[PDB]
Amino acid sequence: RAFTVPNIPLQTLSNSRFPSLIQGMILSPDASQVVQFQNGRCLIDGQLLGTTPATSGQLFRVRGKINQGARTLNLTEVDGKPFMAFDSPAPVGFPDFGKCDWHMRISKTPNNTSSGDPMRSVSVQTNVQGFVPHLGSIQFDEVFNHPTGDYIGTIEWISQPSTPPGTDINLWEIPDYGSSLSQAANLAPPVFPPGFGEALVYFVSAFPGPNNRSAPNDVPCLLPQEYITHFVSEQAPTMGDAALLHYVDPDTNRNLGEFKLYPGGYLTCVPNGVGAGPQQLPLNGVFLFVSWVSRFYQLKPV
């Protein structure tokens, strides 16, 4: 089967770290930025990595059991199936927002009542000893004075980390999945700046909450979720060091820039000096597969 990418304009595609439209295409503010996102990680032959779900249905949700009067949520998969401890960093689709506090909204499932607001607010710190999703649990900040059961929900908004006090949100980072005595197993590996004139391309969407900059919380990811779903369904073999893509204006059919999609599931371009890069481009473009190329193929600056 021949390799393709979705024929849908970028602005209509979705972030792979939480379900939202892509609102920008950027380079990392720090050129030396290494990333290790656990969601939005997929080899271009359809091999999912980290905690990455095949589809958005599973993405950015948390599910587990909690006892009345406890602080600990014992995680399951989003569909309610048991989470295998020591095996994965966290359940499939578990949020990977590091360096922030999580303000979550959850509810007991399934509904078994005829009245009442089922929604509960809980907060989670991601750098505390109780944050151990790799061991199957996370700890809420307060005692959970609500009925025992199976709860499901998501992060509604984020804020500056509680510790160290004063530090800002940094969504380029992931939380600490492991424990003080055990590292998280099967983490999707880090992605390093490619060098040689190339730079990693990130897709960004805004997420609710304050920060020290009084500005939007921007969530960078490596691939649109629809690309991941496509790769999982298509399972097209990788036949070069990179897939050459053209970013095309669908209205005129003009090529707006060349990109390389690497087998590891990330995109690069060559910025044409400072001030240049994919952030200069309109967001209504469609990426089109042109050809398999070697890693030594020299990209035209964008």
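The first residue of the sequence shown is number 1, and the count goes up from there.
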ask   = Of the two stretches 34-42 and 247-255, which shows the higher Cα B-factor on average in the entry?
value = 247-255
note = With B-factors read from the PDB entry, the higher C-alpha mean of 174-182 and 95-103 is in 174-182
note = Based on the PDB entry, the highest CA temperature factor among the options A215, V201, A85, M119 is that of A85
query = Per the PDB entry, which option out of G240, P53, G265, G64 has the greatest Cα B factor?
reply = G240
request  = Using the B-factor values recorded in the entry, state whether the Cα atom of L187 falls in the lowest, middle or highest third among the modelled residues of its chain.
outcome  = highest
query = Lowest, middle or highest third of the chain for the C-alpha temperature factor of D79?
reply = highest
Assigned third (lowest, middle, highest) for the C-alpha B factor of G153 = lowest
message = Among the modelled residues of this chain, does the Cα B factor of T72 put it in the lowest, middle or highest third?
response = middle
request  = Could you look up the Cα B-factor of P208 in the entry and say which third of the chain it sits in: lowest, middle or highest?
outcome  = lowest
